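Student:
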Amino acid sequence: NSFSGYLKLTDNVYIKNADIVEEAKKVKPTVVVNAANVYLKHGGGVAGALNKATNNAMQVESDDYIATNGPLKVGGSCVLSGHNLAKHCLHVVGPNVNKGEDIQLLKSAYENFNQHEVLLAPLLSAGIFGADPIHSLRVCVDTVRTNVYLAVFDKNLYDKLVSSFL
Ligand SMILES: O=C(O)[C@@H]1CCC[C@H]1c1ccc2ncsc2c1
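For the sequence shown, the UniProt record's numbering assigns the number 1026 to the initial residue and increments by one for each residue that follows.
1. Identify every residue that forms a DSSP beta bridge with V1177.
2. Out of curiosity, what's the CA-to-CA distance linking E1086 and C1103?
3. CB-CB under 7 Å to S1161, same chain, minus the five flanking residues each way: which ones, in chain order?
4. Which word fits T1093, buried or exposed, when buried means at least 16 other C-beta atoms lie within 10 angstroms of its C-beta?
5. Where does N1080 fall in DSSP's three states?
6. Excluding the five sequence neighbours on either side, which residues of its own chain have a C-beta within less than 6 Å of the C-beta of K1180, listed in chain order?
7. Can you tell me where the alpha helix (DSSP H) with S1106 in it begins and where it stops?
8. Okay, do the region 1028–1035 and the region 1060–1076 touch, 3+ Cβ pairs below 8 Å being the bar?
9. Using the three-state DSSP reduction, which class does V1122 fall into: helix, strand or coil?
10. Which residues have their C-beta within less than 7 Å of a heavy atom of ligand 1, listed in chain order?
11. Just grab the DSSP bridge partners of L1115 for me.
12. May I have a chain-ordered list of the beta strand (DSSP E) segments no shorter than 3 residues that lie completely inside the region 1121–1169?
13. When DSSP labels each residue in this structure, what does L1032 get in the three-state scheme?
14. Any contact of the region 1042–1055 with the region 1111–1119, i.e. 3+ C-beta pairs under 8 Å?
15. With 16 as the cutoff for other CB atoms within 10 Å, does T1079 come out buried or exposed?
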């Protein structure tokens, strides 16, 4: 958990313009959050980047979790191995508003972070899930009470977030 170059937005939310995969390799946090779908199929976005950094070990593991426990629900999560990136990976499903999923579930998605004292995470439901990233940051700030280090890859998005917040 040796985080560096973060900007403290609130008492418990910090932000940095960085690739979460690189942050994970440097810090080796206790928990790295994945922006997952209900079947834990890591095909693109941050899920694909995280899976690729474990050389498909996250996917083999996820396929075994799904065969044994069934799919997650939108707003839910599960804790799996973090492999070479972290001690644990917390897979969290935010709503896919581009597929008509309810934005009210984005609060439920963020409540999962509260079971862990410190997490390295991306913005939920942003990118391919189609929700407004600035709105996503607002729900994170209002919902998460534990210590969360948000890593934002796109510098244009990072600058919009820091401008809207501070
Ligand atoms: O922070 C971002 O720009 C987006 C917002 C939601 C998904 C994030 C993302 C997407 C892809 C990716 N690949 C490596 S780190 C990484 C992070």
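Note that CB positions come from ideal geometry on N, CA and C, so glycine has one too.
Tutor: Straight from the coordinates:
1. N1042
2. 12 Å
3. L1131, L1148, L1149, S1150, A1151
4. exposed
5. coil
6. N1042
7. It is not in any alpha helix (DSSP H) - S1106 instead sits in the beta strand (DSSP E) that spans 1102–1106.
8. no
9. helix
10. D1044, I1045, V1046, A1060, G1070, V1071, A1074, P1147, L1148, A1151, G1152, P1158, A1176, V1177, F1178, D1179, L1182
11. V1058, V1104
12. 1143–1146
13. strand
14. yes
15. buried
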